[PDB]
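A.B. asks: Residue numbers (the authors' numbering), protein chains in the order written: chain C, 1 to 247; chain A, 1 to 296; chain B, 10 to 246; chain D, 29 to 56; chain H, 2 to 61, 63 to 124; chain L, 2 to 79, 83 to 102.
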Amino acid sequence: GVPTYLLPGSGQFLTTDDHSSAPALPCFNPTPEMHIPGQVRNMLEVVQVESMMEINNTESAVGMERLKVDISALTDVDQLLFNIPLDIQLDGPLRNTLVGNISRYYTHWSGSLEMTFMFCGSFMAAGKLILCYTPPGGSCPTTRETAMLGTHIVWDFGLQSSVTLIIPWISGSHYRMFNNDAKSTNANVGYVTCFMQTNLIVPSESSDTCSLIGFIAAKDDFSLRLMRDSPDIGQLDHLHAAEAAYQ
Amino acid sequence: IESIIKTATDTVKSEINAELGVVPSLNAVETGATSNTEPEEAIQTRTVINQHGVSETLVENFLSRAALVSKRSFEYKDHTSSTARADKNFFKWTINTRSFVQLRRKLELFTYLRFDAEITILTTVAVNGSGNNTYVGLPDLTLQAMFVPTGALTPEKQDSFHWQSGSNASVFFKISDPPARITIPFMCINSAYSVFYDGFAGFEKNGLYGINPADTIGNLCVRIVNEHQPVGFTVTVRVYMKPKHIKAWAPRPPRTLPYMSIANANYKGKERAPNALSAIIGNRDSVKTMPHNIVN
Amino acid sequence: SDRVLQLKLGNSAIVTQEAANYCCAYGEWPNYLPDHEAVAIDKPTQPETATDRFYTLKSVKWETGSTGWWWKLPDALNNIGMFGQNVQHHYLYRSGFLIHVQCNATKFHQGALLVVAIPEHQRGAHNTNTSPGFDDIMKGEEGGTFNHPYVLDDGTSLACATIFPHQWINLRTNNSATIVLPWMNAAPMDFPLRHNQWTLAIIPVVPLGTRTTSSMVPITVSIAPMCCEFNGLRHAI
Amino acid sequence: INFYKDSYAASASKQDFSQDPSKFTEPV
Amino acid sequence: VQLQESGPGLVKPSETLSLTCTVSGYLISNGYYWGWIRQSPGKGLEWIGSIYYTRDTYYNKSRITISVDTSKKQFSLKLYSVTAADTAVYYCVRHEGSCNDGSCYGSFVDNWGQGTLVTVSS
Amino acid sequence: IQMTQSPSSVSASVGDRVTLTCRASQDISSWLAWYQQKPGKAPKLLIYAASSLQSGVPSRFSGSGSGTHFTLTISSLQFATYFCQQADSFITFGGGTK
Numbered sequence: 001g002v003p004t005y006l007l008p009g010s011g012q013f014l015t016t017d018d019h020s021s022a023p024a025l026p027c028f029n030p031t032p033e034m035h036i037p038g039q040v041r042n043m044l045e046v047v048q049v050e051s052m053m054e055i056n057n058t059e060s061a062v063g064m065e066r067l068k069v070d071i072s073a074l075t076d077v078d079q080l081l082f083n084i085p086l087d088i089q090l091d092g093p094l095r096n097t098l099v100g101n102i103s104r105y106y107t108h109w110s111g112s113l114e115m116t117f118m119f120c121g122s123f124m125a126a127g128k129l130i131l132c133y134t135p136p137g138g139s140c141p142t143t144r145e146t147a148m149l150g151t152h153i154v155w156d157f158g159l160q161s162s163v164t165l166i167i168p169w170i171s172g173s174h175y176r177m178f179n180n181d182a183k184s185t186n187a188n189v190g191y192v193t194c195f196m197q198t199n200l201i202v203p204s205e206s207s208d209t210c211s212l213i214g215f216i217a218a219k220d221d222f223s224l225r226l227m228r229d230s231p232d233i234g235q236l237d238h239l240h241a242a243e244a245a246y247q
Numbered sequence: 001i002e003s004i005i006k007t008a009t010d011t012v013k014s015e016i017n018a019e020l021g022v023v024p025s026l027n028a029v030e031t032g033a034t035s036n037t038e039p040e041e042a043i044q045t046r047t048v049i050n051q052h053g054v055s056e057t058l059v060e061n062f063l064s065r066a067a068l069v070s071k072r073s074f075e076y077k078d079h080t081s082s083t084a085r086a087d088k089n090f091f092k093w094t095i096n097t098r099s100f101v102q103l104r105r106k107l108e109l110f111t112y113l114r115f116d117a118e119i120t121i122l123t124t125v126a127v128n129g130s131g132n133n134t135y136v137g138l139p140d141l142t143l144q145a146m147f148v149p150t151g152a153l154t155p156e157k158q159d160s161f162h163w164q165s166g167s168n169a170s171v172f173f174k175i176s177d178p179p180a181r182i183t184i185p186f187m188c189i190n191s192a193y194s195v196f197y198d199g200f201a202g203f204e205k206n207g208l209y210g211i212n213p214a215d216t217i218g219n220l221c222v223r224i225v226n227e228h229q230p231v232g233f234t235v236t237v238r239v240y241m242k243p244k245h246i247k248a249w250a251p252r253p254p255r256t257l258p259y260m261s262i263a264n265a266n267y268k269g270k271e272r273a274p275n276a277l278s279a280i281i282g283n284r285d286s287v288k289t290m291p292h293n294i295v296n
Numbered sequence: 010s011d012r013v014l015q016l017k018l019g020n021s022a023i024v025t026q027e028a029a030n031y032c033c034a035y036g037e038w039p040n041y042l043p044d045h046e047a048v049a050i051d052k053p054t055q056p057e058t059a060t061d062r063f064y065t066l067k068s069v070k071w072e073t074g075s076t077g078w079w080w081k082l083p084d085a086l087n088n089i090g091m092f093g094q095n096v097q098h099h100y101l102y103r104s105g106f107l108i109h110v111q112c113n114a115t116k117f118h119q120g121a122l123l124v125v126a127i128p129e130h131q132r133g134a135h136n137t138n139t140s141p142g143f144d145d146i147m148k149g150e151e152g153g154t155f156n157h158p159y160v161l162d163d164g165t166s167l168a169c170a171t172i173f174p175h176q177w178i179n180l181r182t183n184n185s186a187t188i189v190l191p192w193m194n195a196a197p198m199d200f201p202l203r204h205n206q207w208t209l210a211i212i213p214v215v216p217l218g219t220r221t222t223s224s225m226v227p228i229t230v231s232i233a234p235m236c237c238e239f240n241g242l243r244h245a246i
Numbered sequence: 029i030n031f032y033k034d035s036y037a038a039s040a041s042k043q044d045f046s047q048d049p050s051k052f053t054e055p056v
Numbered sequence: 002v003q004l005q006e007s008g009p010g011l012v013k014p015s016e017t018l019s020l021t022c023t024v025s026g027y028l029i030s031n032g033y034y035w036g037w038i039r040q041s042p043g044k045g046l047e048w049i050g051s052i053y054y055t056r057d058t059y060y061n063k064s065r066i067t068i069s070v071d072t073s074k075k076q077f078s079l080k081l082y083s084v085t086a087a088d089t090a091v092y093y094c095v096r097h098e099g100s101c102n103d104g105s106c107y108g109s110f111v112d113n114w115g116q117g118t119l120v121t122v123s124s
Numbered sequence: 002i003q004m005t006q007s008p009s010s011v012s013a014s015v016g017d018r019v020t021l022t023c024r025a026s027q028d029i030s031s032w033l034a035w036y037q038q039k040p041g042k043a044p045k046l047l048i049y050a051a052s053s054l055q056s057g058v059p060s061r062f063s064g065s066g067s068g069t070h071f072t073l074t075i076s077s078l079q083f084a085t086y087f088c089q090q091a092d093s094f095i096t097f098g099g100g101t102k
């Protein structure tokens, strides 16, 4: 025989272990693998796909009214349209996205995100917007002069009805963690605001209010770490017809 | 473009750009494509060698974690009274992943899955103080878990002669032992399990929409091989399933509203602002308000 | 250049002035079931240009109270053309389903339709524990309509519906969406009368609007099987 | 470390680093 | 299944209204919220409260403190400060519901038990 | 929700088609159960989900559609208090009889 030593942690069932187990069905031949389109090998392939965000997550907006930001012609210059809290891993406009849903399965994240905004007004409607991103320090800017000081993009509604504001990776550490629905130094991402650069000028036959849908994806730089239990799902009891599975 | 990728991608130094006719920030969402813009083309960047790996987000890392699939207790008493039907020192269970919302919602991010499941049975026992308050001890009971392929006649009782397990895969394990662990192969008539089925099982009109009989792995019967003792016990059996050698196709949106049933994809939605039907994201004051922003 | 597109399938043809660079589902074009993937050892029929010819469903009116519309494939075209005849007379099929959604409106109109194709869109009933029925799921060529398009009528988000093969119809930029689909099934062939491979959903995200006389705005959908083949060959039913 | 005859009983494979994202980011 | 309850019926001036109910056919640790429904002459079939085996305790009036004990396969309630309005029949039920969020839906009383006429006198 | 199950205490002959109606304040879904409390004993669930029968129940009953009206039909009379529970928000047990 071989003299064997039993270490601590023997017999324990670690749900994240990687060992070979006993074949219950011997000499089983699995079905030949055909080619099915759309194979996913990495979950960081599907965070790089744009997905609408609910910037209009208010009470008055119900259903699909929460997925667009109605902008209107204004009579005062330099006017704020909306803002987006960049909380990627806590409840907010970025919670129900693809990057947000996949990210709420992990604790740490890195890399840079891209915000895309499509204009859904008439062809005869013109305008200019400025999308700003201010790094985590300080309050959210309320006037355009203080918001222009961060990385922004000026966007002119033309044939290309979509612009890309990129939120660059600006952090001291390599990663950012969730740690709470909190305002912490190693958790905050900053703010995204939208002001009127000039205005929304629109003729009389076109509709006076023009919506704006925003999308959000991840770059190739994105990364996720320290997988966890997603809080977006949870049960307090057994689902219906679960007892029928035992009979 | 396969392009084996082991870590995240690096950035390069950017300079002042004024070229006209080429616009990287403008794109077309109308086309059903993602913006092909780098961080170099939008802002002025620096050279950054990124050493962040991408292994924790692999699909086999994302899915191969032993999740609870069933939890059922049964009495180890002597069942003389005509009750506790189908649960008299044994139980059966049709293997399904749609019973605990964690593994269910995780597996329902893909349209088709192909994996070799690895089962683990964890058993605990507890004395009954039904007519007393006396703890006499905990016995070393052997259990038998017989894997009956679906559509095959399962044992109707625990004394029945259907437990002899001629060809049925069976396992015996004591409660004091480490949890019993086996592997079920990819036993589907197709090349991948159908997590979602957009059809009816049989040719007859009423055929249980959404349930594919091919997706069902089988039937798991668990009894206590021992004969009953003078006293009664309650045996809780937890089953854990860990997918192995996973292949996944056609990703899907994750489930938002709470699950209603194990059979179907019905929805009701919560009552208040988070995860309701009217409101999926919690409400805020207005579009130009910050839920919690620093003020010093 | 990338806005003028012509699709010639059989004797049918479509010419578009405002296109949006037609997409391919998962970067895949349909094929013909190679010899290694085939399991049914029987000579299939491959009726080309009899099927594979751009059948057009009945238009739907876009309004303000409209939530969305869906058609299941091949359930929508199981009774039209020679495709429907081959589907009836045969037990198995395998097809491609090139899709074209037309929607036109003037330069004073605003709107947006998310034209998405969901594979295996198993939908659930609202506010009940009972499963959907046959006449609830099987609507045929008239299709159905979303009553809760916010959650795509399955509990899963619409915001994340851009993970599926999709296109947009933004009235200011384009007036057509073209999506090419592969077979996309775990089986090499499937019984067409019970199972649906795809589900074309057209959800108006931004509602149609104009301060003009507000004339009727229909939405027309043209389905075209691609590389469709059949096995079986028993009586009609 | 696999000592079983059936190949499906091996441990999990954590070496598939060949992801292609253009299936979804550029579906043309 | 079989639901049998037992307690004091005609003797309860103002003290806690303790009342227990032993479950027979079903294991009380598998689901199926277990609660109390009293058919008072004053109102008629009022629902007192229920509890899940995870000790979830959804209540109606919040002074009842329903509890559970799967060891002896039984659950109890305790009406505090009973004054002549709590004279009822006090059925002991299980009901297939889903209180997954802090509010229940579709809670149908499949098994009912038998009454325990509780009298608040003296 | 307050279920006003009571038009009256209706009396019928043997072999009739007695019909009970249950009105709801809210526009609840098909969440509705009909109970039968024979005098001297506990109630019993006749039909749930507003249209679904039970195991071990006489097949002389039926249910209505969703919403607010919520009728109940007995095809043959061959006697008990019939109750109406909404079970949408909680247990309510609208009082009523036959």
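All C-beta atoms, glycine included, are put in the ideal place defined by N, C-alpha and C.
1. At which residue ranges does the segment 232-293 of chain A contain complete beta strand (DSSP E) runs of 3 or more residues, listed in the order of the chain?
2. Counting C-beta neighbours from all protein chains within 10 Å, is the total for L/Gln3 16 or more, i.e. buried, or is it exposed?
3. Comparing the C-beta of B/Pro174 with each C-beta of chain D, is any distance below 7 Å?
4. Run through DSSP, which three-state label would A/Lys106 get?
5. Taking only three categories from DSSP, how would you classify C/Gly100?
6. Given a cut-off of 7 Å on the beta-carbon distance, is the pair A/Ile224 and A/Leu143 in contact?
7. Looking at residue 322 of chain B: is its Cβ nearer than 7 Å to the Cβ of A/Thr111?
8. How would you list, in chain order, the residues of chain C whose beta-carbon sits under 8 Å from the beta-carbon of B/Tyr35?
9. Does any CB atom of chain L fall closer than 7 Å to the CB of B/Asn156?
10. Going along the segment 105-118 of chain B in order, which residues come within less than 7 Å of chain A, judged by CB to CB distance?
11. Counting Cβ pairs, one atom from each stretch, are 3 or more of them under 8 Å apart for the segment 171-180 of chain C and the segment 144-155 of chain C?
12. Using a Cβ cut-off of 7 Å, which residues of the segment 223-247 of chain C contact any Cβ in chain H, in chain order?
13. From which residue to which residue does the alpha helix (DSSP H) around A/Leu63 run?
14. Return yes when the Cβ of A/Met146 is within less than 7 Å of the Cβ of A/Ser170, no when it is not.
15. Report, in whole angstroms, the separation of the C-beta atoms of H/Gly115 and H/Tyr93, which I expect to be a contact under 8 Å.
16. Between the C-alpha atoms of C/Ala241 and A/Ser99, what's the straight-line distance to the nearest angstrom?
17. DSSP state of A/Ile49, grouped into three classes?
18. Helix, strand or coil, according to DSSP, for B/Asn95 in the structure here?
19. Among residues of its own chain, excluding the 5 on either side of residue 252 of chain C, which ones have a beta-carbon nearer than 7 Å to its beta-carbon?
20. Mind pulling the chain B residues with CB within less than 9 Å of C/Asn96?
21. Determine whether the beta carbon atoms of B/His175 and A/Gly32 lie at a separation below 7 Å.
22. Would C/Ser139 count as contacting chain D if we go by Cβ distances under 7 Å?
23. Under the three-state reduction of DSSP, which class applies to A/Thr31: helix, strand or coil?
24. Within a Cβ cutoff of 7 Å, which residues of the same chain sit near B/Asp61, ignoring the five residues on either side of it in sequence?
25. Given B/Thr187, which residues of its chain have a CB within under 6 Å of its CB, disregarding the five upstream and five downstream residues?
26. Pull up the distance between the alpha-carbon of C/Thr116 and that of A/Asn275, whole angstroms please.
27. In the structure shown, what three-state DSSP assignment does C/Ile233 receive?
28. If you reduce the DSSP assignment to three classes, tell me which class H/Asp88 lands in.
29. L/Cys23 bridges to which residues according to DSSP?
30. According to the Cβ coordinates, are C/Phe195 and C/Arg144 closer than 7 Å?
31. Against chain D, with Cβ distances strictly below 7 Å, would B/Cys236 count as a contact?
C.D. replies: Considering the structure as presented:
1. Given a length threshold of 3 residues, each whole run of the beta strand (DSSP E) inside the segment 232-293 of chain A is given here in chain order: 233-251.
2. Counting from one through the sixth sequence, the residue named residue 3 of chain L turns up at place 2. With fewer than 16 Cβ atoms within 10 Å of its Cβ, L/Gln3 is classed as exposed.
3. For the purposes of this step, residue 174 of chain B is taken as the residue at position 165 of the third sequence. It does; some Cβ of chain D falls within 7 Å.
4. For this step, residue 106 of chain A is matched to residue 106 along the second sequence. In this structure, A/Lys106 counts as helix in the three-state DSSP scheme.
5. Looking up residue 100 of chain C in the first sequence gives position 100. Helix, per DSSP.
6. Numbered from its first residue, the second sequence carries residue 224 of chain A at position 224. Numbered from its first residue, the second sequence carries residue 143 of chain A at position 143. Remark: C-beta atoms of A/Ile224 and A/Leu143 approach each other more closely than 7 Å.
7. The structure shown has nothing for residue 322 of chain B, since chain B only spans 10 to 246.
8. Taking the third sequence and counting its residues from 1, one reaches residue 35 of chain B at position 26. Going along chain C in sequence order, the residues near B/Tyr35 (Cβ under 8 Å) are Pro37 and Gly38.
9. For this step, residue 156 of chain B is matched to residue 147 along the third sequence. So no, B/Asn156 is outside the interface.
10. Taking 7 Å as the Cβ-Cβ cut-off, the segment 105-118 of chain B has no residue approaching chain A.
11. The segment 171-180 of chain C makes no contact with the segment 144-155 of chain C: fewer than 3 CB pairs, one atom from each, lie closer than 8 Å.
12. Using a CB distance below 7 Å, the part of the segment 223-247 of chain C facing chain H consists of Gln235, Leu236, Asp237, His238, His240 and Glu243, ordered along the chain.
13. The sequence position of residue 63 of chain A within the second sequence is 63, counting from 1. That run of the alpha helix (DSSP H) goes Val59 to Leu63.
14. The residue labelled residue 170 of chain A in the question sits at position 170 within the second sequence. The residue labelled residue 146 of chain A in the question sits at position 146 within the second sequence. At the C-beta level, A/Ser170 and A/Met146 come within 7 Å of one another.
15. Walking along the fifth sequence from the start, residue 115 of chain H turns up at place 113. Walking along the fifth sequence from the start, residue 93 of chain H turns up at place 91. In this structure H/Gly115 is in contact with H/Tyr93, their Cβ atoms being roughly 5 Å apart against a cut-off of 8 Å.
16. As a first step, residue 241 of chain C must be located in the first sequence, where it is residue number 241. As a first step, residue 99 of chain A must be located in the second sequence, where it is residue number 99. Using only the alpha carbons, I get a separation of about 9 Å.
17. Within the second sequence, numbered from 1, the residue matching residue 49 of chain A stands at position 49. Here A/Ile49 sits in coil by DSSP.
18. For the purposes of this step, residue 95 of chain B is identified with residue 86 of the third sequence, where counting begins at 1. Note: B/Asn95 maps to helix in three-state DSSP.
19. Outside the shown range of chain C, which is 1 to 247, sits residue 252 of chain C, and nothing can be said about it.
20. Translated into the one-based positions of the first sequence, residue 96 of chain C becomes position 96. Listed along chain B are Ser166, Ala168 and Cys169, each with a C-beta nearer than 9 Å to that of C/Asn96.
21. Working through the third sequence from its first residue, we reach residue 175 of chain B at position 166. Working through the second sequence from its first residue, we reach residue 32 of chain A at position 32. In this structure, B/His175 lies near A/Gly32, with their beta-carbon atoms less than 7 Å apart.
22. Here residue 139 of chain C refers to the residue found at position 139 when the first sequence is read from its first residue. Judged by the 7 Å Cβ criterion, C/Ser139 is not in contact with chain D.
23. Here the question's residue 31 of chain A lines up with position 31 in the second sequence. Three-state result, A/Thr31: helix.
24. Along the third sequence, read from residue 1 onward, the residue named residue 61 of chain B stands at position 52. Around B/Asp61: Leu18, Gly19, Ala233, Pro234, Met235 and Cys237.
25. Counting from 1 along the third sequence, the entry for residue 187 of chain B is found at position 178. So the list reads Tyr31 and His109, once near-sequence residues are dropped.
26. Within the first sequence, residue 116 of chain C is the residue found at index 116, counting from 1. Within the second sequence, residue 275 of chain A is the residue found at index 275, counting from 1. For C/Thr116 and A/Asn275, the distance between alpha carbons rounds to 25 Å.
27. Against the first sequence, residue 233 of chain C aligns to sequence position 233. Looking at C/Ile233 - three-state DSSP - the assignment turns out to be coil, as it is neither helix nor strand.
28. Within the fifth sequence, residue 88 of chain H is the residue found at index 86, counting from 1. DSSP places H/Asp88 in the coil class of the three-state scheme, outside both helix and strand.
29. Locating residue 23 of chain L in the sixth sequence gives position 22, where the first residue counts as 1. None; L/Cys23 has no bridge partner.
30. For the purposes of this step, residue 195 of chain C is identified with residue 195 of the first sequence, where counting begins at 1. For the purposes of this step, residue 144 of chain C is identified with residue 144 of the first sequence, where counting begins at 1. Yes.
31. Here residue 236 of chain B corresponds to residue number 227 of the third sequence, with the count starting at 1. No, because no Cβ of chain D sits closer than 7 Å to the Cβ of B/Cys236.
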